[PDB]
Each structure stands twice: as C-alpha cells, then as structure tokens.
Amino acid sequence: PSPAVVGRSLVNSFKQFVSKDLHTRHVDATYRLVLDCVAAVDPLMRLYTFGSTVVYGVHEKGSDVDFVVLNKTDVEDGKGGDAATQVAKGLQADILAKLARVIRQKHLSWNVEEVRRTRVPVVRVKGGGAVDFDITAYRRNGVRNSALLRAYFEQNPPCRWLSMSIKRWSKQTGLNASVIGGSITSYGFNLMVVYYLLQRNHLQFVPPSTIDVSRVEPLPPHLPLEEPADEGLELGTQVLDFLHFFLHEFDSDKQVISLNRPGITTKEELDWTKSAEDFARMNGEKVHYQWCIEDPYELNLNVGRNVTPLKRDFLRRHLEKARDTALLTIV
C-alpha cells in the first residue's frame, strides 16, 4: 500500500475516536474525587497526573488515568531521582494502604486493588463508569517522563496520531505489555515513536534533565487534537517510514532507542550486552537486552527488558505485516 492508502484507512479507523469530545476536562472530577480521598489521609499531600492523559493532552477511551501522591518536599525537589530501595517501596505501600482504605470507605462500589506484582507499589481502581485509574506515591519519574513526552508532542502536535496509531496496533497484535504474551508497554512504544521522529528531524532534541517537576501542572491543560487535514498522507508516510526504520535502519543488535542523547546510543557504551544478561535481574527475573530502550530517568532500566529473542522475532514479523495491512486497518 501507498502512504495515501495507509493514510486514508488510518483516518477512517479513527473516525469514531474523533467523533466524541477529546477534552481532558473530564478528568477534573475524578482528580477532585481522588484528592478528596488523599486529603483524608493528609490534607498537605499533592495529587499529580501523568500517563497518556498528560502525554497527549487528550483523554482516550480504554485508557486509565495515572495519579501519584506527592509531598510538598517531593515537588520542590523537581529534578531529583527516585530511590530504588526497599525502604522507599515500604513508604509507598504504607501510604497507599491507608489511601486504599479511604477509597473503599468513601466508595463502597469501587474495586480497590492493592497490586503487589510490581517494582512500584500501585493501587488499581475500577469504579464502573470506566472510572479507571492507578495511584502511586512519592515518585517523580512518571510525571517527569510524561512531561518530557508531552513537551515533545507540543513541538509537533499532529505526531500524536503516529503515536496513537502505534499504541492501538501494539495492543491489536499482542505486542503491548497490556496483553498476555506482550513485551513492550505503551510507554515503550512512545519512546520508540519519539526516537524515530528525532532521527528524522521531525522533532528537536529536549534534554531530559531540563524537565522540572516543581514547574509541571498537577493537571495539565487540554491540547486539542484535530483530524489529519491532508487526507492522512503525512500520517501514512510517517507510519511506513516508522516501520521501515525499525525493520531496516535501527540496528537492534548494536543500538539503543534512547532520548537521553541526540544521535546514536550503543549497547556497548551502556554495557547492555550478553554478559550483562547473565548478571542482570529485575524484580526477581532475567532482563533481556535484545531490544534496547533506555529509560530517560531511571538508572539502568531497559524498557525492552522483557523482549526475549522470541518476542523480538514476533516484533520484526509484526513490523513486516504492518506495512501490508496499514497497521491492521486494511482488513
């Protein structure tokens, strides 16, 4: 398929998505509800938003909201790292347990799950009106990477469509970590999209260190999304260039998808090698360095750490299949 063909099926596939109102207006009430609960634990605690809501400036269906609870001092330390220690984890679980209890008290019909499978303690809430959200505590790095990605998409707002196209597809194909057998989160896919756009000079490099939590909005404003006005030609051209790039230009054997620096990052300069795989264990299991995606803020975090040789196979295959189906749209 030509870029035009892909472009057109892509715009047609989103027609329902651009039908309803996109505004991040809808989050305010939920934000207020959660802050209601947070205040009962501590009226001096802050509530911040992050995740796709912030990255895009729009609120997607089938997407949760991400919240983090922060102390004043956590905010004022707007460029501090997040401790990867057992006591930090314990602090976060202690406060999240208290909050989950309040959420249950105040909302008898909500399911309030204390999720402990994870590196980062999280409370998962499903109320029913797709009132859907995760709450974490005492961490800057989610608000920070989301503000970084948001800053990138503000440079070139129509690029959000390339991104959104990749997110929906990743899930359709079973590539996205949200699906059983999935290996890369949506966050990972966004890192790849941005890295791609940077290599093509569609975006201007933003050093991750310039992002300051003390200067972000707890709840950032809406950023209007408008239909690709050129029939979707730019989108279709981007999608095909994105697939070509990740199939034929990005060298997964030698290179790391990174936003820490402009240009190429090597596996060797990170020590992200077969030798490191023998030593490297995250959350009690092997980290893989077959597909390398460097996290801009957390030390030594491969976002592609679950991409085994097999899942790497599966990704190449899908990247190939994606060309001929316009990201599973020409069916």
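We call the rigid core whatever largest set of C-alpha positions still superposes within 1.5 Å between the two forms. When you see a residue number, it is the position in the sequence shown, counting from 1.
Put simply, when the other structures in 7 other deposited structures of this protein are lined up on the rigid core, the C-alpha atoms of 277-285 lie farther off than those of the other stretch, from 50-58 and 277-285. Of the two segments 123-131 and 232-240, the one whose CA positions lie farther from the displayed form in 7 other deposited structures of this protein, once all are superposed on the rigid core, is 123-131. In every other compared PDB entry of this protein that covers both flanking sides, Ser13 is modelled, so it falls short of the one-third threshold for missing coordinates. Among the other PDB entries of this protein that were compared and that flank it with modelled residues, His23 is left unmodelled in a third or more. Averaged over Cα atoms, the B-factor as recorded in the entry is higher for 123-131 than for the other of 123-131 and 252-260. On average the C-alpha atoms of 277-285 have higher B-factors than those of the other stretch, with 261-269 and 277-285 being the two compared. By the numbers in the PDB entry, the CA B factor is greatest at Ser109 among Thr210, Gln199, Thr185, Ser109. Residue-level temperature factors show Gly181 in the lowest third of its chain, judged at the C-alpha atom. Sort the modelled residues of the chain by CA B factor and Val34 lands in the middle third. The PDB entry assigns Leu22 a C-alpha temperature factor belonging to the highest third of its chain's modelled residues. Among the modelled residues of its chain, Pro218 has a C-alpha B-factor that falls in the middle third according to the deposited record.
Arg140: CA B factor lies in the lowest third for its chain, per the PDB record.
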